[PDB]
Every structure is written in C-alpha cells, then in structure tokens.
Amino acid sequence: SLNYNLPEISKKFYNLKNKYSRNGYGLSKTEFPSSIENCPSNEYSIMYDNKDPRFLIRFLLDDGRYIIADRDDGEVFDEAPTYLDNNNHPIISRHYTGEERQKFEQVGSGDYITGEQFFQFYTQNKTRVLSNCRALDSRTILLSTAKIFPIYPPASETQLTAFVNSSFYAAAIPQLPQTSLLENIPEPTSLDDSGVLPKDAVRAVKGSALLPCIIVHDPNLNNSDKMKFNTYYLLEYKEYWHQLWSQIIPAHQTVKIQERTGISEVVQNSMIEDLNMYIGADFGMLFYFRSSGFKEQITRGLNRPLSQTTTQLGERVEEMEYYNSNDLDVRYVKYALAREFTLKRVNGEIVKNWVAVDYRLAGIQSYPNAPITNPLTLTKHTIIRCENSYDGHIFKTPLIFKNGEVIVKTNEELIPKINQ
C-alpha cells in the first residue's frame, strides 16, 4: 500500500497475435493496403499483418470492459457505424471520446490447464465479436460481426477471433506516495506571530490515483509522448490547515471578521478542463462524460467518496463576530481543513493544483495559550454571499472555540435545526 490494483494487461502495451495463425500474424499498423478482395482498408483501418506490430494497452473501466489504446499515435479502437459486406462494422483508429463504440469486453476461453487458452473481444453486450476479415495468414482488416459461432469446438470462423499476448512494452506508471498523518493546529509563538500561511503549511498525504492519459488534458506534451512516457498520471489528495484569519483581539472587545471558504468557480472550471472532475457541495467528487467511466476506481484510490449531490461547490462568504473575554490583548488565528488535489507527471512535475477549503472542520489557536487566556467565543454568525442553499445554516450562538479542538459543524446546534 498504496496499491491501485491495476491488472497486468492495464500496465503493458501488448502485441496481440492470432492463436491459430501459422506465420505470426497479428494486429499491425502497416501502411500497405489489405490483400483480400472484400476487405477494403483506409488510413483509419486496424490492419492485420505479420510485420510492423502494434502494441496496445487496455485501460480498465469500472464495469470491467476495456479501452484499447495504441502506444505510438495514442488513439483508441473504435467500432465505426459504417457497414461492410455481410453487415459488418470496421474497427478504426480514433481519438478517445468515452462513447460506447470505444468500449470492448474481453472473454477468456480454451484450455487453461495446458496453457493453451485465448481471449476474444465482444461489443454491444456480447452481440458482436471482433474477427479477422476472411484471412488467417494474409494482410487484412479487423471488423466486428454478428456471426458468433460455438467456442467449445474452435470452428474455422471462430479461429479468426482468437487472440493471445506476445511481446510488450511496459507502461509508464508513477509510484504511489505513502500516506502521512495530519498535524495539529499550529500555535502562534508571540503577539507578532501571524501564523502559518498556506504556502508553508505541512501537508498530509491521504490518497492517490492513477489516471489514464486519455482523460488528462496536458498541453505541454503531444499525444504520442503522453502515451509512452506518461501512460498514467498521478493524482494525489492532501490535507493541510488553511489559515482563515490572524488578528490581535483587544481585551473585552467584539470584532467582526470575514471568513472565506469553499472553492472558486475558475478553479472548478480548471479542474473540469484538465480532468473532467469537480467538487460537489458535500465535498465529494463529481465527474463528466470523458472520465465517468473510471470514477469508482479513482475515488477508491483517492479515499474521497463519490458526491451524493448535484450542487457544485462554490464560494462561501461568512461574517463572524468573536468576543475575547480576557483582560489582555490576545493573538488569535483560525484554520480550516483544506482538501488539496495535485496532478503530477511520471517524472514528478506538478501540472496543476486545486484546493477547496472545508469550513466544516475548523479550529482556533492563540498566544498566550491556555491556561493563561480563556477560549475565544463565537457570538454571531451571518452568511453574506453564497450561490447555493445546500448549507444555509449558521452556528447557534454563543459557541466557544477552545484552543486546538476542531469544531465539526455537523456536530453542533445549527439554525435552522437539523438531524430532527
């Protein structure tokens, strides 16, 4: 641990060869046209030859199906809606879109006991199967056919569908970082100590996920280099204490302090642009079409749950009033739990960072500390600006923010009341 639990075929660019071919034919990227009469080829066709082999990775989806992607051009397999002879669809190369026509199911068959097993590729819920066009040992194209024949007697037509693994290139996979513990809320050392700024706060690693480059939008690389050298991107999840304010509160006075939490809209759109992911109002992960196929594996690695709301997390502006009950001036600093996501390349370079400040877990520290001074007291709470009513509740005042303790909003009395 950490262990993303990727299958072996999801970590290698395998050369796929036909099991029953006697001259070493397989899936190829040769530029020469098909040699068979009723098997026309073009620039996009998936070729079948014994020279110039393809090396393909299978990105595992949540439902168990795979995305077959090429190591050289970075494109994926696609079942085109075009019809050939005998009502067949050609298999072409195309950029990844997440459509159903790019998902393929692998089914293993044969004699596992003798090591002579093979596998097939099916589409449209086992109604079509990928097959060589007529030829076993000739340059031809790959297609899908609704003519499915029994497997227990490897019929002549079934032999055009049997694939095995051969040579491979290792995919570029970054190492998962080890988790660490979250520190306590930093204590100020003096009256002039303004506290720990976010650029200096110590972060704790809480999760990480491996992202297929097909769903990652990186402008600094091309699709070819992004497939060979960054086959999987690293997405870390970190936590740190994000300072909300730091101020000297005079003796026996009440001050009005603004508290800004949540996440900005431009930061949300940034994460949507690069990853097709964003944060929900419940601080859960929400996904869009390009990346929704892997959302369950990503969340299990990140240790962040799927969001149970359709409301997008936004900016939250709240005005608080605190009262210092001591007869001296005290430095008070308040921190809220920040949830940080970092996308890194295989070599470790950071692509972007996205931070959301969780106002539900916050605490206060002070100098002088206990037992010299008494804890700060929250005496008023007003929500100033927020673009959604997912959490339109305030703390029931008064409320004492003891030094060091984390005030969990869902464990306090709120207005209007909840958990009723």
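Numbers follow the displayed sequence, beginning with 1.
Mean C-alpha B-factor is higher over 82-90 than over the other stretch, the pair under comparison being 82-90 and 231-239. Averaged over CA atoms, B-factors in the entry run higher in 151-159 than in the other of 151-159 and 256-264. Of all the options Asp137, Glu315, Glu340, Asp282, the entry's greatest CA B-factor is assigned to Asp137. The entry assigns its greatest Cα B factor, within the set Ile364, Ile67, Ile372, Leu361, to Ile372. For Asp200, the recorded CA B-factor ranks within the middle third of the chain. Only modelled residues enter the ranking. Sorting the modelled residues of the chain by their CA temperature factor places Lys12 in the lowest third.
In this PDB entry, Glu296 carries a Cα temperature factor that places it within the lowest third of its chain's modelled residues. In the PDB entry, a CA B factor belonging to the lowest third of its chain's modelled residues is recorded for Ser307. Per-chain ranking of the deposited C-alpha B factor places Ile36 in the highest third.
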